[PDB]
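All remarks here apply to the structure that follows.
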Amino acid sequence: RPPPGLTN
Amino acid sequence: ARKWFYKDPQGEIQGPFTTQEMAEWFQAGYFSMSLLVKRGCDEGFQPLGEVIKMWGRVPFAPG
Numbered sequence: 001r002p003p004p005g006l007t008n
Numbered sequence: 001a002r003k004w005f006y007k008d009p010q011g012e013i014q015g016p017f018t019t020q021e022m023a024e025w026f027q028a029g030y031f032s033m034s035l036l037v038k039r040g041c042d043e044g045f046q047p048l049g050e051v052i053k054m055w056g057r058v059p060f061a062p063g
């Protein structure tokens with residue numbers, strides 16, 4: 001899971 | 001322990017995350033040196049590059 005908010 | 005926060009480019013605070021979650025994202029390349037980060041107990045957000053300077057090491061690694 002990508003970090004919330006950083007990759008849209 | 002869940003204790004890490006960062007601010008996204010839209011200013012929204014994200015967290016709390018474990019040190020291991022932060023380490024994973026750092027090693028994957030998601031975190032630049034300008035990302036604003038703090039632990040819950042800390043006074044203020046600071047850019048990760050400055051956090052590394054303050055701590056003397058990347059804060060998500062073993063010490």
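Chains as they are written, first to last, in this note's numbering: chain Y, 1 to 8; chain B, 1 to 63.
The C-beta atom is built at its ideal place from N, Cα and C for all residues, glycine as well.
Asked	Found
Residues bridged to B:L36 (per DSSP)	B:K7 and B:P47
Assigned secondary structure, B:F60 (DSSP; H/G/I helix, E/B strand, else coil)	coil
Alpha carbon of Y:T7 to alpha carbon of B:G44, nearest angstrom	24 Å
Of the residues B:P16, B:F17 and B:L36, the one placed nearest B:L48, counting alpha carbons only	B:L36
Contacts around B:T19, its chain only, beta-carbon distance under 7 Å, and the 5 residues preceding and following it disregarded	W4 and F60
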